[PDB]
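Shown below: my_file.txt, with compact mmCIF, C-alpha atoms and all ligand atoms.
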# COMPACT_ATOMS: atom_id res chain seq x y z
CA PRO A 1 0.00 0.00 0.00
CA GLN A 2 0.89 3.69 -0.20
CA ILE A 3 0.62 5.36 3.21
CA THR A 4 0.65 9.17 3.43
CA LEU A 5 1.82 10.79 6.67
CA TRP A 6 -1.08 13.21 7.36
CA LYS A 7 -1.82 11.03 10.34
CA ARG A 8 0.30 8.47 12.21
CA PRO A 9 1.15 5.51 9.94
CA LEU A 10 -0.82 2.92 11.96
CA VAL A 11 -1.52 -0.54 10.56
CA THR A 12 -2.98 -3.86 11.69
CA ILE A 13 -0.41 -6.50 12.68
CA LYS A 14 -0.65 -10.19 13.54
CA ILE A 15 1.76 -11.44 16.19
CA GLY A 16 1.48 -14.65 18.25
CA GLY A 17 -1.90 -15.19 16.56
CA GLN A 18 -3.27 -11.88 17.89
CA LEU A 19 -4.38 -8.86 15.82
CA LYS A 20 -2.92 -5.56 17.05
CA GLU A 21 -2.30 -2.10 15.62
CA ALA A 22 1.19 -0.73 15.21
CA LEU A 23 3.13 2.34 14.11
CA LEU A 24 5.41 2.01 11.08
CA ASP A 25 8.41 3.89 12.40
CA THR A 26 11.34 4.59 10.06
CA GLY A 27 13.18 6.28 12.94
CA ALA A 28 13.26 3.03 14.97
CA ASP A 29 16.07 0.49 14.42
CA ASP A 30 14.11 -2.21 16.24
CA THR A 31 10.57 -3.48 16.74
CA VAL A 32 8.98 -2.97 20.16
CA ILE A 33 5.62 -4.65 20.93
CA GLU A 34 3.48 -4.23 24.07
CA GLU A 35 3.57 -6.72 26.94
CA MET A 36 2.11 -9.99 25.66
CA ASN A 37 2.51 -13.76 25.76
CA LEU A 38 4.67 -14.96 22.83
CA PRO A 39 5.43 -18.51 21.70
CA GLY A 40 9.24 -18.65 21.49
CA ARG A 41 12.46 -18.32 23.48
CA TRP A 42 13.59 -14.90 24.78
CA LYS A 43 16.71 -13.29 26.20
CA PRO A 44 16.76 -10.27 28.57
CA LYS A 45 17.58 -6.81 27.15
CA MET A 46 17.41 -3.12 28.00
CA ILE A 47 16.52 -0.42 25.48
CA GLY A 48 16.13 3.34 25.41
CA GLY A 49 12.50 4.44 25.39
CA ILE A 50 10.15 7.38 25.88
CA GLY A 51 11.52 9.32 28.87
CA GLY A 52 14.18 6.76 29.87
CA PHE A 53 15.22 3.09 29.70
CA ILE A 54 13.13 -0.12 29.87
CA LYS A 55 13.70 -3.84 30.46
CA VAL A 56 12.52 -5.93 27.48
CA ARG A 57 12.31 -9.55 26.41
CA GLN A 58 14.01 -10.04 23.05
CA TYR A 59 12.42 -12.71 20.86
CA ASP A 60 14.43 -13.66 17.75
CA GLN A 61 12.85 -15.11 14.58
CA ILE A 62 9.24 -14.23 15.39
CA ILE A 63 6.65 -14.64 12.65
CA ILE A 64 4.83 -11.33 12.36
CA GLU A 65 2.36 -10.15 9.75
CA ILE A 66 2.42 -6.44 8.88
CA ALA A 67 -0.70 -5.22 7.03
CA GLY A 68 -0.89 -8.62 5.28
CA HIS A 69 2.88 -8.86 4.72
CA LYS A 70 4.85 -11.63 6.35
CA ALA A 71 8.07 -10.88 8.24
CA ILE A 72 10.34 -13.05 10.38
CA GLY A 73 12.69 -11.24 12.72
CA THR A 74 13.46 -9.89 16.18
CA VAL A 75 10.63 -8.49 18.32
CA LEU A 76 11.28 -6.73 21.66
CA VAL A 77 8.46 -7.18 24.17
CA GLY A 78 8.00 -4.78 27.09
CA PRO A 79 6.19 -1.68 28.41
CA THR A 80 6.18 0.44 25.21
CA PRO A 81 3.30 2.95 25.03
CA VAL A 82 2.99 2.25 21.26
CA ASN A 83 3.56 -0.89 19.21
CA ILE A 84 6.47 0.01 16.96
CA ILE A 85 7.49 -1.63 13.69
CA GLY A 86 11.10 -0.58 13.16
CA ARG A 87 13.50 -0.99 10.25
CA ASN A 88 14.46 -4.57 11.19
CA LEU A 89 11.02 -5.64 9.98
CA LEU A 90 10.21 -2.83 7.51
CA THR A 91 13.15 -4.04 5.38
CA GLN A 92 11.74 -7.61 5.38
CA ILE A 93 8.44 -6.49 3.85
CA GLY A 94 10.17 -4.15 1.39
CA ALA A 95 9.03 -0.81 2.82
CA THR A 96 10.50 2.38 1.33
CA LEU A 97 10.17 6.12 1.84
CA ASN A 98 9.12 7.97 -1.31
CA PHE A 99 8.96 11.66 -2.21
CA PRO B 1 13.61 9.38 -4.22
CA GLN B 2 12.88 5.81 -3.13
CA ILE B 3 14.76 5.13 0.10
CA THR B 4 15.30 1.60 1.45
CA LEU B 5 15.65 1.12 5.22
CA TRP B 6 18.71 -1.17 5.62
CA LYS B 7 20.41 1.76 7.27
CA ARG B 8 18.99 4.81 9.04
CA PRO B 9 17.23 7.03 6.43
CA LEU B 10 19.50 10.08 6.79
CA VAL B 11 19.35 12.97 4.32
CA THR B 12 21.02 16.34 4.09
CA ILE B 13 18.96 19.30 5.23
CA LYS B 14 19.36 23.08 5.15
CA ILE B 15 17.99 25.14 8.05
CA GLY B 16 19.01 28.66 9.20
CA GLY B 17 21.33 28.72 6.15
CA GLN B 18 23.25 25.81 7.70
CA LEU B 19 23.75 22.40 6.08
CA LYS B 20 23.05 19.41 8.36
CA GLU B 21 21.97 15.77 8.11
CA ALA B 22 18.72 14.41 9.53
CA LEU B 23 16.66 11.27 10.07
CA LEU B 24 13.43 10.97 8.09
CA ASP B 25 11.21 9.69 10.91
CA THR B 26 7.64 8.50 10.27
CA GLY B 27 7.21 7.69 13.99
CA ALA B 28 7.66 11.37 14.91
CA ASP B 29 4.76 13.84 14.80
CA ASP B 30 7.17 16.77 15.12
CA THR B 31 10.54 17.92 13.84
CA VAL B 32 13.40 18.16 16.36
CA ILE B 33 16.64 19.93 15.45
CA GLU B 34 19.86 20.13 17.50
CA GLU B 35 20.95 23.30 19.30
CA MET B 36 21.29 26.13 16.79
CA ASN B 37 20.49 29.79 16.13
CA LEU B 38 17.10 30.41 14.56
CA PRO B 39 16.31 34.11 14.05
CA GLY B 40 12.85 34.16 15.62
CA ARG B 41 10.60 34.20 18.66
CA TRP B 42 9.98 30.85 20.32
CA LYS B 43 7.98 29.11 23.01
CA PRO B 44 9.31 26.45 25.40
CA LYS B 45 8.11 22.82 25.24
CA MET B 46 9.19 19.53 26.80
CA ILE B 47 9.55 16.36 24.77
CA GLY B 48 10.19 12.82 26.00
CA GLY B 49 13.14 11.65 23.92
CA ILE B 50 14.86 8.25 23.89
CA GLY B 51 16.77 8.07 27.19
CA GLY B 52 15.06 11.00 28.98
CA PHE B 53 13.40 14.42 28.59
CA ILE B 54 14.68 17.59 26.92
CA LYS B 55 13.61 21.23 26.82
CA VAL B 56 13.06 22.58 23.31
CA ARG B 57 12.17 25.92 21.75
CA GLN B 58 9.25 25.83 19.33
CA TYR B 59 9.84 27.90 16.20
CA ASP B 60 7.04 28.38 13.70
CA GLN B 61 7.23 29.08 9.97
CA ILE B 62 10.81 27.83 9.52
CA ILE B 63 11.92 27.42 5.87
CA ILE B 64 13.77 24.12 5.44
CA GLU B 65 15.27 22.16 2.55
CA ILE B 66 15.11 18.39 2.93
CA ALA B 67 16.96 16.35 0.29
CA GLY B 68 16.33 19.17 -2.23
CA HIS B 69 12.66 19.66 -1.28
CA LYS B 70 11.59 23.00 0.16
CA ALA B 71 9.28 22.97 3.17
CA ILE B 72 7.95 25.43 5.74
CA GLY B 73 6.84 24.54 9.25
CA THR B 74 7.37 24.21 12.97
CA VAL B 75 10.72 23.06 14.34
CA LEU B 76 11.62 22.19 17.95
CA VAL B 77 15.19 23.26 18.81
CA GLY B 78 17.08 21.69 21.70
CA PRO B 79 19.79 19.30 22.94
CA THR B 80 18.97 16.30 20.74
CA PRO B 81 21.78 13.95 19.62
CA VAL B 82 19.95 13.37 16.29
CA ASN B 83 18.12 15.74 13.95
CA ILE B 84 14.58 14.40 13.50
CA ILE B 85 12.34 15.22 10.51
CA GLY B 86 8.83 14.31 11.67
CA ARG B 87 5.52 14.02 9.84
CA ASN B 88 4.71 17.76 10.01
CA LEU B 89 7.51 18.27 7.45
CA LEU B 90 7.39 14.89 5.67
CA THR B 91 3.83 15.75 4.60
CA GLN B 92 5.12 19.04 3.12
CA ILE B 93 7.62 17.26 0.85
CA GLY B 94 5.09 14.61 -0.23
CA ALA B 95 6.72 11.69 1.59
CA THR B 96 4.87 8.36 1.79
CA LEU B 97 5.59 4.89 3.14
CA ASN B 98 5.25 2.29 0.39
CA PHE B 99 5.30 -1.50 0.27
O1 LIG A 101 11.00 -11.17 32.06
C1 LIG A 101 11.69 -11.00 33.05
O2 LIG A 101 11.31 -11.56 34.20
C2 LIG A 101 12.94 -10.16 32.95
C3 LIG A 101 13.76 -9.98 34.07
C4 LIG A 101 14.93 -9.21 34.03
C5 LIG A 101 15.24 -8.61 32.81
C6 LIG A 101 16.31 -7.80 32.43
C7 LIG A 101 16.12 -7.48 31.08
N1 LIG A 101 14.98 -8.08 30.66
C8 LIG A 101 14.43 -8.78 31.68
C9 LIG A 101 13.26 -9.55 31.73

Starting from the file, give its structure as structure tokens.
Ligand SMILES: O=C(O)c1ccc2cc[nH]c2c1
Amino acid sequence: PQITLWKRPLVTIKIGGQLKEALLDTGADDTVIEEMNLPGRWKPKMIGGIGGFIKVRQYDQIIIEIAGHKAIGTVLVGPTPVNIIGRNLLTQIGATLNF
Amino acid sequence: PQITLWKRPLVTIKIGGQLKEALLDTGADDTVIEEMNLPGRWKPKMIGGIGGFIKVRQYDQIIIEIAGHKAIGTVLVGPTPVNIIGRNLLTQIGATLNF
């Protein structure tokens, strides 16, 4: 699809068999999803976030569906105020900026 | 142009007659530019950046060139480690996310 930026670029995602909405964020290196139960192994991590630093669970090789487009890659799970699709997954679905 | 996201989407900008580089950031509502002299009146805001909070000065009607494209809008000036072009300016240059 072609998504203009007149409002936040929010889309529907599927992750761990659950439908959520998420922000397509070209300024994020990584993908950060809200606290949820995920099938898969995780390792502990800390990342910078809104107003400070947060503990996250890093899940590698997660199947995630972004507006109908399949991606497999790293998802960070923790107390993010917004579900964020970062470049690690935007590259997998072939997302580009155009102007 | 059509910009892939394998690295951070950095472009050259021109603001206050100074050449800089900046991150095209679809996850940002606003534009945040590092400490610099803008010839205008301003109003103080706070923004929750990655790692903590900063105090910024809001400047309106700032003329800016982004990757060759002329835009006018609001810029927040403060101690940010990265120049951020947010949606308020990305809309002005006709930027879209495509996949
Ligand atoms: O999920 C947890 O219980 C947990 C505990 C500690 C850390 C440190 C980074 N991530 C964590 C997750």

Close residues, residue 90 in chain B itself excluded, 12 Å, only C-alpha atoms, min 2 positions apart in chain, as a PDB file with C-alpha atoms, in the frame of the given file:
ATOM      1  CA  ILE A   3       0.620   5.360   3.210  1.00  0.00           C
ATOM      2  CA  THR A   4       0.650   9.170   3.430  1.00  0.00           C
ATOM      3  CA  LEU A   5       1.820  10.790   6.670  1.00  0.00           C
ATOM      4  CA  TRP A   6      -1.080  13.210   7.360  1.00  0.00           C
ATOM      5  CA  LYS A   7      -1.820  11.030  10.340  1.00  0.00           C
ATOM      6  CA  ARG A   8       0.300   8.470  12.210  1.00  0.00           C
ATOM      7  CA  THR A  26      11.340   4.590  10.060  1.00  0.00           C
ATOM      8  CA  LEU A  97      10.170   6.120   1.840  1.00  0.00           C
ATOM      9  CA  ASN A  98       9.120   7.970  -1.310  1.00  0.00           C
ATOM     10  CA  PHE A  99       8.960  11.660  -2.210  1.00  0.00           C
TER      11      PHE A  99
ATOM     12  CA  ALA B  22      18.720  14.410   9.530  1.00  0.00           C
ATOM     13  CA  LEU B  23      16.660  11.270  10.070  1.00  0.00           C
ATOM     14  CA  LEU B  24      13.430  10.970   8.090  1.00  0.00           C
ATOM     15  CA  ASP B  25      11.210   9.690  10.910  1.00  0.00           C
ATOM     16  CA  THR B  26       7.640   8.500  10.270  1.00  0.00           C
ATOM     17  CA  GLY B  27       7.210   7.690  13.990  1.00  0.00           C
ATOM     18  CA  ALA B  28       7.660  11.370  14.910  1.00  0.00           C
ATOM     19  CA  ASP B  29       4.760  13.840  14.800  1.00  0.00           C
ATOM     20  CA  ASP B  30       7.170  16.770  15.120  1.00  0.00           C
ATOM     21  CA  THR B  31      10.540  17.920  13.840  1.00  0.00           C
ATOM     22  CA  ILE B  64      13.770  24.120   5.440  1.00  0.00           C
ATOM     23  CA  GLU B  65      15.270  22.160   2.550  1.00  0.00           C
ATOM     24  CA  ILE B  66      15.110  18.390   2.930  1.00  0.00           C
ATOM     25  CA  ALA B  67      16.960  16.350   0.290  1.00  0.00           C
ATOM     26  CA  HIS B  69      12.660  19.660  -1.280  1.00  0.00           C
ATOM     27  CA  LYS B  70      11.590  23.000   0.160  1.00  0.00           C
ATOM     28  CA  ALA B  71       9.280  22.970   3.170  1.00  0.00           C
ATOM     29  CA  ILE B  72       7.950  25.430   5.740  1.00  0.00           C
ATOM     30  CA  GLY B  73       6.840  24.540   9.250  1.00  0.00           C
ATOM     31  CA  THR B  74       7.370  24.210  12.970  1.00  0.00           C
ATOM     32  CA  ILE B  84      14.580  14.400  13.500  1.00  0.00           C
ATOM     33  CA  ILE B  85      12.340  15.220  10.510  1.00  0.00           C
ATOM     34  CA  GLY B  86       8.830  14.310  11.670  1.00  0.00           C
ATOM     35  CA  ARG B  87       5.520  14.020   9.840  1.00  0.00           C
ATOM     36  CA  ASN B  88       4.710  17.760  10.010  1.00  0.00           C
ATOM     37  CA  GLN B  92       5.120  19.040   3.120  1.00  0.00           C
ATOM     38  CA  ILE B  93       7.620  17.260   0.850  1.00  0.00           C
ATOM     39  CA  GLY B  94       5.090  14.610  -0.230  1.00  0.00           C
ATOM     40  CA  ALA B  95       6.720  11.690   1.590  1.00  0.00           C
ATOM     41  CA  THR B  96       4.870   8.360   1.790  1.00  0.00           C
ATOM     42  CA  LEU B  97       5.590   4.890   3.140  1.00  0.00           C
TER      43      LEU B  97
END

key: Proximity to ligand LIG 101 (chain A) - best of A:82, A:50, A:37, A:89, only C-alpha atoms and all ligand atoms   = A:37

Mind giving me the axis-aligned box for ligand LIG 101 (chain A) with 8 Å on every side, centre plus edges in Å to one decimal, as AutoDock Vina command-line options?
--center_x 13.7 --center_y -9.5 --center_z 32.4 --size_x 21.3 --size_y 20.1 --size_z 19.5

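Over all paired C-alpha atoms, chain B superimposes on chain A with an RMSD of 0.6 Å.
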
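Atom to atom, CA of residue 76 in chain A and CA of residue 9 in chain B stand 21.4 Å apart.
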
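The coordinates place CA of residue 59 in chain B at 7.9 Å from CA of residue 38 in chain B.
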
Would you list the residues that come within 10 Å of ligand LIG 101 (chain A)? Count all atoms listed in the file and give the answer as a PDB file with C-alpha atoms, in the coordinates of the input.
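Here's the written file pocket_12.pdb:
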ATOM      1  CA  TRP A  42      13.590 -14.900  24.780  1.00  0.00           C
ATOM      2  CA  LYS A  43      16.710 -13.290  26.200  1.00  0.00           C
ATOM      3  CA  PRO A  44      16.760 -10.270  28.570  1.00  0.00           C
ATOM      4  CA  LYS A  45      17.580  -6.810  27.150  1.00  0.00           C
ATOM      5  CA  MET A  46      17.410  -3.120  28.000  1.00  0.00           C
ATOM      6  CA  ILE A  47      16.520  -0.420  25.480  1.00  0.00           C
ATOM      7  CA  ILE A  54      13.130  -0.120  29.870  1.00  0.00           C
ATOM      8  CA  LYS A  55      13.700  -3.840  30.460  1.00  0.00           C
ATOM      9  CA  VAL A  56      12.520  -5.930  27.480  1.00  0.00           C
ATOM     10  CA  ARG A  57      12.310  -9.550  26.410  1.00  0.00           C
ATOM     11  CA  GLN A  58      14.010 -10.040  23.050  1.00  0.00           C
ATOM     12  CA  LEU A  76      11.280  -6.730  21.660  1.00  0.00           C
ATOM     13  CA  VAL A  77       8.460  -7.180  24.170  1.00  0.00           C
ATOM     14  CA  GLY A  78       8.000  -4.780  27.090  1.00  0.00           C
TER      15      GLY A  78
END

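For the residues B:33, B:91, B:17, B:60, ranking by smallest atom-to-atom distance to chain A using all atoms listed in the file places B:91 first.
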
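Rounded to one decimal, CA of residue 63 in chain B and CA of residue 15 in chain B lie 6.8 Å from each other.
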
Please rebuild range 14-27 of chain B with N, CA, C and O atoms and return the result as a PDB file, in the frame of the given file.
ATOM      1  N   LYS B  14      18.894  21.712   5.013  1.00  0.00           N
ATOM      2  CA  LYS B  14      19.360  23.080   5.150  1.00  0.00           C
ATOM      3  C   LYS B  14      18.349  23.867   5.989  1.00  0.00           C
ATOM      4  O   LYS B  14      17.182  23.992   5.620  1.00  0.00           O
ATOM      5  N   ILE B  15      18.810  24.372   7.128  1.00  0.00           N
ATOM      6  CA  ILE B  15      17.990  25.140   8.050  1.00  0.00           C
ATOM      7  C   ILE B  15      18.853  26.265   8.645  1.00  0.00           C
ATOM      8  O   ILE B  15      20.034  26.048   8.951  1.00  0.00           O
ATOM      9  N   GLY B  16      18.273  27.462   8.769  1.00  0.00           N
ATOM     10  CA  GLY B  16      19.010  28.660   9.200  1.00  0.00           C
ATOM     11  C   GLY B  16      20.258  28.926   8.358  1.00  0.00           C
ATOM     12  O   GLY B  16      21.270  29.397   8.878  1.00  0.00           O
ATOM     13  N   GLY B  17      20.183  28.618   7.064  1.00  0.00           N
ATOM     14  CA  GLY B  17      21.330  28.720   6.150  1.00  0.00           C
ATOM     15  C   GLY B  17      22.489  27.785   6.479  1.00  0.00           C
ATOM     16  O   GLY B  17      23.593  27.961   5.964  1.00  0.00           O
ATOM     17  N   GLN B  18      22.239  26.795   7.338  1.00  0.00           N
ATOM     18  CA  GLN B  18      23.250  25.810   7.700  1.00  0.00           C
ATOM     19  C   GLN B  18      22.904  24.429   7.162  1.00  0.00           C
ATOM     20  O   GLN B  18      21.754  23.983   7.256  1.00  0.00           O
ATOM     21  N   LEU B  19      23.909  23.761   6.598  1.00  0.00           N
ATOM     22  CA  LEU B  19      23.750  22.400   6.080  1.00  0.00           C
ATOM     23  C   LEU B  19      23.969  21.386   7.198  1.00  0.00           C
ATOM     24  O   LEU B  19      24.982  21.435   7.908  1.00  0.00           O
ATOM     25  N   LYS B  20      22.998  20.484   7.359  1.00  0.00           N
ATOM     26  CA  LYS B  20      23.050  19.410   8.360  1.00  0.00           C
ATOM     27  C   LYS B  20      22.563  18.093   7.745  1.00  0.00           C
ATOM     28  O   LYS B  20      22.160  18.059   6.588  1.00  0.00           O
ATOM     29  N   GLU B  21      22.618  17.013   8.514  1.00  0.00           N
ATOM     30  CA  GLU B  21      21.970  15.770   8.110  1.00  0.00           C
ATOM     31  C   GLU B  21      20.944  15.343   9.150  1.00  0.00           C
ATOM     32  O   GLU B  21      21.115  15.617  10.350  1.00  0.00           O
ATOM     33  N   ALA B  22      19.872  14.699   8.684  1.00  0.00           N
ATOM     34  CA  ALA B  22      18.720  14.410   9.530  1.00  0.00           C
ATOM     35  C   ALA B  22      18.013  13.105   9.177  1.00  0.00           C
ATOM     36  O   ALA B  22      18.047  12.646   8.037  1.00  0.00           O
ATOM     37  N   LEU B  23      17.358  12.537  10.183  1.00  0.00           N
ATOM     38  CA  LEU B  23      16.660  11.270  10.070  1.00  0.00           C
ATOM     39  C   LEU B  23      15.212  11.491   9.675  1.00  0.00           C
ATOM     40  O   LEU B  23      14.461  12.145  10.411  1.00  0.00           O
ATOM     41  N   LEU B  24      14.828  10.964   8.511  1.00  0.00           N
ATOM     42  CA  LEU B  24      13.430  10.970   8.090  1.00  0.00           C
ATOM     43  C   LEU B  24      12.676   9.959   8.957  1.00  0.00           C
ATOM     44  O   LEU B  24      12.896   8.755   8.845  1.00  0.00           O
ATOM     45  N   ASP B  25      11.802  10.472   9.824  1.00  0.00           N
ATOM     46  CA  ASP B  25      11.210   9.690  10.910  1.00  0.00           C
ATOM     47  C   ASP B  25       9.678   9.686  10.943  1.00  0.00           C
ATOM     48  O   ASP B  25       9.050  10.594  11.489  1.00  0.00           O
ATOM     49  N   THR B  26       9.096   8.626  10.396  1.00  0.00           N
ATOM     50  CA  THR B  26       7.640   8.500  10.270  1.00  0.00           C
ATOM     51  C   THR B  26       6.934   8.263  11.613  1.00  0.00           C
ATOM     52  O   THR B  26       5.719   8.448  11.715  1.00  0.00           O
ATOM     53  N   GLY B  27       7.705   7.856  12.626  1.00  0.00           N
ATOM     54  CA  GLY B  27       7.210   7.690  13.990  1.00  0.00           C
ATOM     55  C   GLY B  27       7.154   8.973  14.803  1.00  0.00           C
ATOM     56  O   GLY B  27       6.632   8.978  15.914  1.00  0.00           O
TER      57      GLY B  27
END
